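Report on the structure given below.
Naming: A, B, ... by sequence-line order, numbering from 1 per chain. Only this structure's heavy atoms are used, side chains among them; waters, hydrogens and symmetry mates stay out.
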2 protein chains.
Amino acid sequence: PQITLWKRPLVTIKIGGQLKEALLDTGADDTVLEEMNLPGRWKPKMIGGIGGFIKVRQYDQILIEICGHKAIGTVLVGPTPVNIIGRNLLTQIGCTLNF
Amino acid sequence: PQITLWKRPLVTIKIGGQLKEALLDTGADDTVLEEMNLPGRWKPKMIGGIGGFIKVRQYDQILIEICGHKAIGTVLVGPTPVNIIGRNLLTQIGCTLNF
Ligand SMILES: CCC(CC)CN(C[C@@H](O)[C@H](Cc1ccccc1)NC(=O)O[C@H]1CO[C@H]2OCC[C@H]21)S(=O)(=O)c1ccc([C@@H](C)O)cc1
């Protein structure tokens, strides 16, 4: 579909068998999701933006469905204020910016 | 144009007469630029990101050219890690996400 930017580009996703709302964010290299107890191996990481850094846990090869489009890639989990779908997954669903 | 997301959507902007590089950031409500000198009056403001809140200088009704498209809106200047073009200006140039 086509998503205008009058409001935040929030969409429903499915990850680890759970539905969530997430931001289609062209400004994020990789995907960051709210704290959640996913299974499997992870590695700790620090990610930075406006206001400084937060500590996250990096999971690899995580399956996320975005408006019916399936994607698989890296996901950082930590105390982010919003779920953020980054370019690593936006490319897999064929998402582009158009103007 | 149509912009794919396998690389950062960086563009050249023109503001205050000078050229700069900025990131098209659909996850940003607001446009925030690194420290610079801009003409006109400004007021203190706060903005929050992934890591917390920072103080910025809010310039209103600033003319800014984004890859040849003109916009006139609010520009925040402060300690952002990256120059980001937010939805307040992306809407002015007709940006949408498509997939
Ligand atoms: C300048 C920071 C960007 C460029 C370095 C990167 N960021 C994405 C950007 O879209 C954030 C997303 C966001 C949205 C709401 C609340 C917190 C964060 N938007 C944002 O800061 O916008 C501000 C201005 O406008 C206002 O509205 C929104 C909040 C205000 S990130 O989140 O920090 C981030 C950092 C590392 C990684 C690794 C994993 O790749 C992934 C994602």
Side-chain angles (χ1 to χ4, degrees), chain A residues 1-11 13 22-34 45-54 56 65-71 73 76-99, chain B residues 1-6 8-11 21-35 46-54 56 66-71 73 76-99:
Chain A
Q2 175 169 106
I3 299 175
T4 60
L5 301 171
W6 293 118
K7 56 184 176 67
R8 291 189 173 181
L10 290 174
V11 297
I13 65 170
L23 208 59
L24 302 180
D25 189 354
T26 61
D29 297 343
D30 287 296
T31 293
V32 190
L33 298 179
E34 63 181 273
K45 198 174 140 106
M46 294 274 284
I47 56 169
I50 285 163
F53 287 74
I54 55 166
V56 296
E65 191 174 308
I66 305 164
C67 283
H69 297 244
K70 300 180 175 52
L76 299 315
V77 174
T80 176
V82 59
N83 294 320
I84 297 165
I85 308 302
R87 290 187 300 100
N88 70 312
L89 300 181
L90 294 170
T91 57
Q92 298 184 18
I93 66 174
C95 189
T96 58
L97 275 174
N98 299 81
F99 68 95
Chain B
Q2 174 161 263
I3 297 175
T4 57
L5 299 168
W6 282 281
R8 286 171 180 165
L10 296 168
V11 298
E21 182 176 89
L23 179 67
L24 303 179
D25 189 351
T26 59
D29 306 341
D30 307 302
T31 296
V32 189
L33 307 179
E34 297 181 283
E35 177 61 25
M46 300 290 296
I47 57 164
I50 199 172
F53 286 73
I54 61 169
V56 297
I66 302 159
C67 267
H69 298 254
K70 293 190 174 183
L76 311 179
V77 177
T80 179
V82 175
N83 296 331
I84 52 168
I85 308 303
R87 289 186 300 100
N88 72 307
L89 300 187
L90 298 173
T91 55
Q92 297 206 10
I93 65 172
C95 285
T96 61
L97 293 162
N98 302 265
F99 66 95

> Name the one of B/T4, B/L23, B/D25 that satisfies side chain to side chain contact (heavy atoms under 4.5 Å, CB included) with B/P9?
Replying inline: B/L23

>> So which atom in A/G49 and which in B/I50 form the shortest heavy-atom distance, rounded to 0.1 Å?
In response: N-CG2, 3.6 Å

> Considering only heavy atoms, which portion of A/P81 lies under 4.5 Å from any heavy atom of chain B: side chain, backbone, both, or neither?
Replying inline: side chain

>> Can you give me the closest heavy-atom contact between A/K45 and A/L76, atom names plus distance?
In response: CD-CD1, 4.3 Å

> Taking A/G27, A/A28, A/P1 one by one, which has the highest count of heavy-atom pairs under 4.5 Å against chain B?
Replying inline: A/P1

> Picking from B/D29, B/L90, B/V32, B/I84, which has the most non-hydrogen pairs under 4.5 angstrom with chain A?
Replying inline: B/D29

>> Would B/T31 and B/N88 count as a side-chain hydrogen bond (donor to acceptor under 3.5 Å, both in side chains) here? Give the steps.
In response: CA-CA 7 Å; B/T31 296; B/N88 72 307; 2.8 Å; yes

